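So the sequence lines, in the order shown, correspond to chains A and B.
Anchor point for the first sequence: position 67 equals 67 in the numbering used here, and the numbering is continuous, going up by one each time.
In short: position in the second sequence from 1, add 1000, done, that's the numbering used here.
From the three backbone atoms N, C-alpha and C, an ideal C-beta is built for every residue, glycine too.
Taking it in order: structure first as structure tokens, then the write-up.
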Amino acid sequence: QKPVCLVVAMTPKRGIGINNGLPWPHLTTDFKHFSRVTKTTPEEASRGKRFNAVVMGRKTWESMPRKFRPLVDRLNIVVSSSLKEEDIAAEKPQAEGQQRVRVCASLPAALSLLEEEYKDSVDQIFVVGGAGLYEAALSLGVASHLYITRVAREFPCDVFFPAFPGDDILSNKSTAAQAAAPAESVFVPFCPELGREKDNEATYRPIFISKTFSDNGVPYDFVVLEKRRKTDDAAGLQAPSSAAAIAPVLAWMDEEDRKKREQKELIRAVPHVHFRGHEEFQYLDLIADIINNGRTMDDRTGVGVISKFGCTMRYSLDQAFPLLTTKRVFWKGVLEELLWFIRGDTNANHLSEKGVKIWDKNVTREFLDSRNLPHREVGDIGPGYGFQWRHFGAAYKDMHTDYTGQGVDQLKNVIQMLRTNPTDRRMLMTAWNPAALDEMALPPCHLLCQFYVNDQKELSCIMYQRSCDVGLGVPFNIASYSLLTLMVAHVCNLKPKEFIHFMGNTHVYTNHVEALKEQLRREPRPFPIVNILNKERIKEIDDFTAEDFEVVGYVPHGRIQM
Amino acid sequence: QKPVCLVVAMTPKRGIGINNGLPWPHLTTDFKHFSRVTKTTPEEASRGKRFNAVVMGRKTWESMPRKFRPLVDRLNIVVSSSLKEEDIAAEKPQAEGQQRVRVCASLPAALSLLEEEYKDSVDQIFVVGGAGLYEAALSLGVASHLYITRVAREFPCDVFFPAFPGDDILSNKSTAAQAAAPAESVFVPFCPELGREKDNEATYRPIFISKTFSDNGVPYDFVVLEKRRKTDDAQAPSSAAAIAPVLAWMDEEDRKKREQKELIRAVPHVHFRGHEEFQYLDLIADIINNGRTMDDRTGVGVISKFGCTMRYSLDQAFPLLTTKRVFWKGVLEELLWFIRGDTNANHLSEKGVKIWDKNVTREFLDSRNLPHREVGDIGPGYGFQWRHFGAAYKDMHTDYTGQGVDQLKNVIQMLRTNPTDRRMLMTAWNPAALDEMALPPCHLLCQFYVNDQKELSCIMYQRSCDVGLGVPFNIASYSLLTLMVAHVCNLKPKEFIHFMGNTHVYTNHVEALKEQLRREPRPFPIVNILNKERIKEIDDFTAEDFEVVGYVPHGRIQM
Ligand SMILES: NC(=O)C1=CN([C@@H]2O[C@H](COP(=O)(O)OP(=O)(O)OC[C@H]3O[C@@H](n4cnc5c(N)ncnc54)[C@H](OP(=O)(O)O)[C@@H]3O)[C@@H](O)[C@H]2O)C=CC1
Ligand SMILES: NC(=O)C1=CN([C@@H]2O[C@H](COP(=O)(O)OP(=O)(O)OC[C@H]3O[C@@H](n4cnc5c(N)ncnc54)[C@H](OP(=O)(O)O)[C@@H]3O)[C@@H](O)[C@H]2O)C=CC1
Ligand SMILES: Nc1nc(N)c(-c2cccc(Cl)c2)c(CCOCCCOc2ccccc2)n1
Ligand SMILES: Nc1nc(N)c(-c2cccc(Cl)c2)c(CCOCCCOc2ccccc2)n1
Ligand SMILES: O=c1ccn([C@H]2C[C@H](O)[C@@H](COP(=O)(O)O)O2)c(=O)[nH]1
Ligand SMILES: O=c1ccn([C@H]2C[C@H](O)[C@@H](COP(=O)(O)O)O2)c(=O)[nH]1
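And the structure:
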């Protein structure tokens, strides 16, 4: 008996087509992935002809160009009550060693024909569409795995993939214990013989989430969901002698560490995903790692943290934007705060006036007084972050003072050094000015950043942060400095490659631990795409406006349950 | 047939004993390690009573204090011509479940008794010493593995482990390099059946090198050597299967590049690579395999990655790297020179620390449009910024007391009073001072951290890392700085974290580095602070308040 799997791409609302075509621009990587999955004999996965089978509906077959159909190097089966096997044979001259397309009257007919006639010849069976066969395959229960290309943008659609148990991996289920009726979806039988019995209910669990890809302005990733029971109870290698000699020394060296692992319940972000390729697993694993292995300490605010020292993460910028999906990020704040920085502004009331209240609780007359700055007007963060970037070291009077040409303009120097001499190893910008710390409302958190260019005009950025609030700050800081890297790269004719986050005191507050364990049950969605708008207008880092971006296809999980 | 292994601890001169006792103070982890290894049955390592045998010569039996004798929970066999099984039994009669201590006329005798009379009970046979039994074991050829605790210091000894093919893992090999070995080294048969034939020659090769431990002021590490022939020298099935064709095409690119690159790898035979120097060795390899070649300011040609890290433990041993000697002197004097606020490179050079000299020469300062710098004047660089951040620089003779931000004083004061602060930083990266400086700083920031156990940790961030030449020194500098700060804050040093920006090797050093990568690392030395009672503030340290105990690095590269 032969494996059956579903291969599909769908928008977050399960859209799969419109007017008998695909709803989106051509996803190149997806087409390559589709071919590599459907053409791969199972022997070659881990490094007398045997081939795979793709089964499609009539319309799906009719949606293809004659030159592409039948799909090369795979036995094509078409479920149609009207298509004739001989018409299809007559469409084009038959290639050598290509199978003869078959036409069957139902999915059960096709699977049967493959099992009996093609027993020695076919290895794997793929259902490649459309919604008819998808529903057929899901209700029949035959699909062990679903290869789902998650397309992060919505498009107009007339054809949708059936709702199914496991489809919350696509977007937020408003049935967060607040359902109207039980969420409607095909019944997936776990044991296909045993039909729609109450005990025989299956769900699809993700085992595999890739990093985000993109083509033609469409971000997407690949997941593999595996049929499990809907149990809902929660509701290197070496020689055998080389390994056995080492083992007693690895055994006692790990005694102190094995003991503490069984004394506590190791946290783990969505443990069932074996291949954790989505880049957000760095963030989720860091959260787990601080709860698991950090040390509970006291801190400035009184709340109390668990902390690690010296942690890192890297995010790709060549295909999507690392705007974290397991809890929505205040994008408007990231953008207005960063444009503010670039301006050299220290007046937080310019932010507070735009809805970005993040600096407010630190520019109060009370707090400015707690810092022995009774001379500071409310909203005057002092000579802080963006002051230090555009005027390092300059004397500070107040936020209304114009500071043009005072101090060192590191951002101008980084951009100039990248335009002219990108192999330089001194392209730094710091806000950590210790002669200025006491003039500041807040000593800067993200305090250093460095730029690099490889042999292919690809720009990377490191940023060092002494204090990282993983629960609330880190995702903002990741977006803040990723966005900076997009902006710098654009005004420098570089392509953006990677943001690297270097972290000092890295902590979670003990009042967030319970909510963060909740977050760690969330599987990340594909990353969005951040597009610079009006690129031809924007020639210098100061030309960017808050209206010059667009966060396309951002599909984050919602609010925490606590 | 039952596996035979050797367990031993030895100084780099192969010394194992003096006056029929151990040559060193008590090594607790070695004791822990020896007991876990000789007592672990393979049931509990790969995760009717079954026990291993330890086999020892007569004097090793007599060297054990009677409280430890016989070794508990293991069959004890003593190879002796005088000792009698009777007498041994009458010395401390055996507990229930312990084994009668056996006595045998020879290691062949002992090993037959184990294979014939303990064929159902004995799992592993360990030969535990001393010199007489070790030599027999090596020459018989029965030992598949050697478990050697490499004690990093030499202590006086009157008994030594036999010279053996593979003893290069202990120290350098010049004074008796290769032609002294046939007369000194035991011949180790590969197949013990075929004995001492020309094509039956074996060697012992490192498969396992642990991180460096210490006790009672003795640094040491654990290795396992395997017998090899001398002639090699000059999730669920459905889950995994479902996933695999997807990994197959995502790995398409990186497999095809991999199969073209012939991959540098440090000492690839070592499978467990616990020694912390492997991060450095690996990093060098990662850069040569995967970095990008461009040229640089001088046109020399550099291979670079961007954003690398390493971490080193300061609690048992000091990361003075062993695959190439580190200029400890320069590390210690430059760091004190930093702590002084001193910017006069001549004060180092007159101490034989010549590292700054090429960057303070009249010609070089002129290349920085600093024709007004007196020769030796690094400008308001590293130490000036640590102790006078933002101060206005005159020259290296000026007394800047009370000017600028004394970052180092604030760090210590914060560690002594509010150690859970998260602003305890110190930077030399002053962009307003950069042009006043001979060299824009390399290690430009460092941050400190205390856990709940009085343990200090330091992160240093470095924009530009010459992995070949600069980096091991930089590791030493900031690790030693963490020892000094820890001591004057009544803290214990835990860890030095190295955050690297542009990280590179020059293309001319690549051939020499392939050679260096052929060397197994040695155990780290201990660095000690003497006169701790006399040292109360970070300025009180002097060059004489330090000692480096146990540093046995490889010698110079031929390439
Ligand atoms: N994004 C993706 O991954 C994919 C997208 N698509 C898109 O989806 C749409 C096509 O899906 P759809 O519109 O549902 O048409 P289908 O591809 O499902 O083919 C529909 C026809 O196939 C036959 N058929 C389908 N289901 C059954 C069944 N259960 N039993 C018997 N015969 C069956 C019938 O042919 P007859 O009436 O002749 O009996 C039916 O009218 C197109 O827009 C296409 O582009 C298609 C495939 C994959
Ligand atoms: N650092 C370490 O790991 C270890 C260190 N040591 C140190 O080593 C020293 C003891 O070793 P050593 O001094 O060599 O004495 P041994 O422990 O080697 O035993 C020597 C005696 O054992 C018997 N013997 C040894 N080899 C043979 C043989 N091939 N055939 C038959 N009988 C044999 C003889 O006993 P008889 O004369 O009765 O026949 C010989 O006199 C001590 O200083 C001890 O502390 C010991 C063990 C391990
Ligand atoms: N992840 C994924 N799953 C899928 N089921 C398809 C798919 C979509 C429409 C028709 C068919 Cl047969 C397959 C794709 C899109 C890539 O399909 C490549 C094979 C089909 O090739 C063509 C070529 C032209 C028009 C329609 C399909 N990606
Ligand atoms: N890596 C290693 N290898 C070894 N062969 C020994 C060893 C040394 C002397 C005698 C014996 Cl039987 C074993 C040790 C030292 C720890 O051995 C613990 C067992 C013997 O316990 C004592 C205690 C005090 C003096 C002598 C042996 N470490
Ligand atoms: O950009 C920022 C700014 C602040 N924080 C968090 C980290 C700490 O929880 C707190 C900073 O306070 P101190 O590090 O000064 O104690 O705010 C961030 O994560 N990112
Ligand atoms: O403390 C130091 C000082 C210098 N370098 C090396 C790294 C670079 O190869 C070179 C510095 O040159 P630039 O970073 O200025 O280009 O010296 C170090 O590794 N550590």
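Cβ shell of residue i (< 8 Å), same chain only, five flanking positions each side left out
i: residue 563(A); result: Because chain A is modelled from 1 through 562, residue 563(A) falls outside the range shown and cannot be assessed.
i: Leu437(A); result: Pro443
i: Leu1133(B); result: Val1055, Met1056, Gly1057, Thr1060, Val1079, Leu1107, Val1127
Chain B within 9 Å of residue i, Cβ atoms only
i: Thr203(A); result: no
i: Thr296(A); result: yes
i: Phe321(A); result: no
i: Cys5(A); result: yes
i: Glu226(A); result: yes
i: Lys32(A); result: yes
i: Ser370(A); result: no
i: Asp299(A); result: yes
Proximity to residue i [Cα-Cα], best of the options
i: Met463(A); options: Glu1154(B), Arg1058(B), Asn1502(B); result: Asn1502(B)
i: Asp285(A); options: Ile148(A), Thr301(A), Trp432(A), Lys517(A); result: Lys517(A)
i: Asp299(A); options: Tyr1147(B), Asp1366(B), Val1450(B); result: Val1450(B)
i: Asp1539(B); options: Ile1526(B), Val1488(B), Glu1511(B); result: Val1488(B)
i: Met440(A); options: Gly386(A), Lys332(A), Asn20(A), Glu337(A); result: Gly386(A)
i: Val1549(B); options: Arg1100(B), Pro1219(B), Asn1369(B); result: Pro1219(B)
i: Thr11(A); options: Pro526(A), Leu75(A), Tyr396(A); result: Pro526(A)
i: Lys2(A); options: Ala143(A), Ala131(A), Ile532(A), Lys84(A); result: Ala143(A)
i: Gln410(A); options: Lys1394(B), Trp1429(B), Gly1017(B); result: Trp1429(B)
i: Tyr283(A); options: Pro23(A), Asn421(A), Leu324(A); result: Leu324(A)
Contacts around residue i, its chain only, beta-carbon distance under 6 Å, and the 5 residues preceding and following it disregarded
i: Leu428(A); result: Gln450
i: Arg314(A); result: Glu498, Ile500
i: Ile1475(B); result: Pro1319
i: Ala183(A); result: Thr175
i: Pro496(A); result: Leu317, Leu459, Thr485, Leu486, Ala489
Cβ of residue i within 9 Å of any chain A Cβ
i: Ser1081(B); result: no
i: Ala1240(B); result: yes
i: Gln1413(B); result: no
i: residue 1565(B); result: In the structure as shown, chain B starts at 1001 and stops at 1559, and residue 1565(B) therefore has no counterpart that could be examined.
i: residue 1000(B); result: In the structure as shown, chain B begins at 1001 and stops at 1559. Residue 1000(B) is therefore absent and cannot be evaluated.
i: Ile1169(B); result: no
i: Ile1207(B); result: yes
i: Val1405(B); result: yes
i: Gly1390(B); result: yes
Interface residues of chain C facing residue i [CB-CB closer than 9 Å]
i: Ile342(A); result: No chain C is present in this structure, whose protein chains are A and B.
Cβ-based neighbour list, residue i, same chain, cut-off 7 Å, excluding 5 preceding and 5 following
i: residue 965(B); result: No information on residue 965(B) is available, as it lies outside the stretch 1001 to 1559 that chain B covers here.
i: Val1007(B); result: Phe1034, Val1037, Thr1038, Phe1126, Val1128, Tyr1147
Under 8 Å, with one C-beta from each stretch per pair, do the stretch 1090-1109 of chain B and the stretch 1183-1194 of chain B reach the 3-pair mark?
Per the Cβ contact rule, the stretch 1090-1109 of chain B is not in contact with the stretch 1183-1194 of chain B (fewer than 3 Cβ pairs under 8 Å).
Per the contact definition of three or more C-beta pairs closer than 8 Å, is the stretch 1252-1268 of chain B in contact with the stretch 1466-1477 of chain B?
Contact fails between the stretch 1466-1477 of chain B and the stretch 1252-1268 of chain B, because fewer than three Cβ pairs, one in each stretch, are under 8 Å apart.
Counting pairs of Cβ atoms below 8 Å between the stretch 1164-1176 of chain B and the stretch 1027-1038 of chain B, do you hit three or more?
Inter-segment contact for the stretch 1164-1176 of chain B and the stretch 1027-1038 of chain B is absent: fewer than three beta-carbon pairs are separated by less than 8 Å.
May I ask you to list, following chain order, the residues of the stretch 1498-1513 of chain B that have a beta carbon less than 8 Å from some beta carbon of chain A?
Flagged, chain order: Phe1499, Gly1501, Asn1502.
Determine, using beta-carbon pairs with one atom in the stretch 1333-1340 of chain B and one in the stretch 1302-1310 of chain B, whether at least three such pairs fall under 8 Å.
Between the stretch 1333-1340 of chain B and the stretch 1302-1310 of chain B there are fewer than three C-beta pairs closer than 8 Å, too few to call the two in contact.
Interface positions of the stretch 1040-1056 of chain B facing chain A (Cβ-Cβ less than 8 Å), listed along the chain:
Within the stretch 1040-1056 of chain B, the residues whose Cβ lies closer than 8 Å to some Cβ of chain A are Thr1040, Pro1042, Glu1044, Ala1045, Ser1046, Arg1047, listed in chain order.
Short-range partners of chain B found in the stretch 427-447 of chain A, where Cβ spacing is below 7 Å:
Correct list: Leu428, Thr430, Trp432, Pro434, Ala435, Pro443.
Selection of the stretch 1375-1387 of chain B by Cβ proximity to chain A, strictly under 7 Å
Residues passing the 7 Å Cβ filter: none.
Would you call the stretch 234-241 of chain A and the stretch 199-219 of chain A in contact, with 3 or more CB pairs under 8 Å?
With a cut-off of 8 Å, the stretch 199-219 of chain A and the stretch 234-241 of chain A do not count as touching, because too few Cβ pairs lie within range.
Interface positions of the stretch 244-269 of chain A facing chain B (Cβ-Cβ less than 9 Å), listed along the chain:
Within the stretch 244-269 of chain A, the residues whose Cβ lies closer than 9 Å to some Cβ of chain B are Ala244, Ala245, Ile246, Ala247, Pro248, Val249, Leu250, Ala251, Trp252, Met253, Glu255, listed in chain order.
By the 8 Å beta-carbon criterion, what residues does the stretch 458-476 of chain A contribute toward chain B?
Legend: CB atoms of the stretch 458-476 of chain A lying less than 8 Å from CB atoms of chain B belong to residues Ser460, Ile462, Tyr464, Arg466, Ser467.
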